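Enquirer: Handing you a structure now.
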């Protein structure tokens, strides 16, 4: 019932959320560049956050499928997602108060898309 709806919306988000952020910000000749340094650290943080979010959402989907055992952290995460309140761990950038998980993931997807564009331009 509810758990299946959670699975469906998590699968929809995983389809919506772009895949692994290409951490192609790597040039020893561009280290001295300030813009390169800033974009490198931003892409690194975005890629780590993307990996964490993707793995957590895949874990949520798989435990919705029933073929795994959830732990205390997963219980906290599912209790956060059921009420629509943003997961506390996923918060690595400033978020307006009251933003729903759907709004947060849409914003995160847009940020990941623009970071993909930045990495493609840098490469």
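Every number here is computed from the coordinates shown, using simple stated rules; none is lab data. Here Cβ is always computed from backbone atoms with ideal geometry, including for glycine, and neighbour counts include all displayed protein chains.
Enquirer: Please work out if residue 83 is in contact with a helix residue (DSSP H, G or I) (Cβ under 8 Å, 6 or more places away or on another chain) and without any contact (Cβ under 8 Å) to a residue 40 or more places away in the chain. Full working, then the answer.
Expert: On the way: in contact with a helix residue (DSSP H, G or I) (Cβ under 8 Å, 6 or more places away or on another chain): no; without any contact (Cβ under 8 Å) to a residue 40 or more places away in the chain: yes.
No; evaluated as a whole, the condition is false for this residue.
Enquirer: Now, a different point. Looking at (1) buried (at least 17 other Cβ atoms within 10 Å of the Cβ); (2) within 16 Å of the chain's Cα centre (by Cα), can you tell me which one residue 25 breaks?
Expert: All conditions pass for residue 25, except number (2).
Enquirer: To continue, here is another question. Give the residues of the stretch 96-116 that are in contact (Cβ under 8 Å) with a residue 12 or more places away in the chain and either touching a strand residue (DSSP E or B) at 6+ places or on another chain (Cβ under 6 Å) or more than 17 Å from residue 54 (Cβ to Cβ) (or both), sorted by residue number.
Expert: 99, 100
Enquirer: Take the residues of the stretch 47-56 that are under 18 Å from residue 113 (Cα atoms) and in contact (Cβ under 8 Å) with a residue 12 or more places away in the chain: which is farthest from the chain's Cα centre (by Cα)?
Expert: Going through the qualifying residues, I end up with 47.
Enquirer: Right, another one. Checking the condition closer than 30 Å to residue 35 by Cα, more than 14 Å from the chain's Cα centre (by Cα) and surrounded by 12 or more Cβ atoms within 10 Å (Cβ to Cβ), which residue from 112, 85, 118 passes? Before you say what the answer is, go through the steps one by one.
Expert: Details: 112 fails: more than 14 Å from the chain's Cα centre (by Cα); 85 fails: closer than 30 Å to residue 35 by Cα.
Every option except 118 fails the conditions.
Enquirer: Just name the residue that is farthest from residue 112 (Cα to Cα) out of those in the stretch 57-80 that are touching a helix residue (DSSP H, G or I) at 6+ places or on another chain (Cβ under 6 Å) and part of a helix (DSSP H, G or I).
Expert: Applying the filter and picking the extreme gives 64.
Enquirer: Oh, and also: How many residues are free of Cβ contacts under 8 Å to residues at least 12 places away in the same chain and in a helix (DSSP H, G or I) if we restrict to the stretch 31-46? First the steps, then the outcome.
Expert: Going residue by residue through the stretch 31-46, those that are free of Cβ contacts under 8 Å to residues at least 12 places away in the same chain are 31-35, 37-38, 41.
Narrowing further to those that are in a helix (DSSP H, G or I): 34-35, 37-38, 41.
Residues in the stretch 31-46 being free of Cβ contacts under 8 Å to residues at least 12 places away in the same chain and in a helix (DSSP H, G or I): 5 in total.
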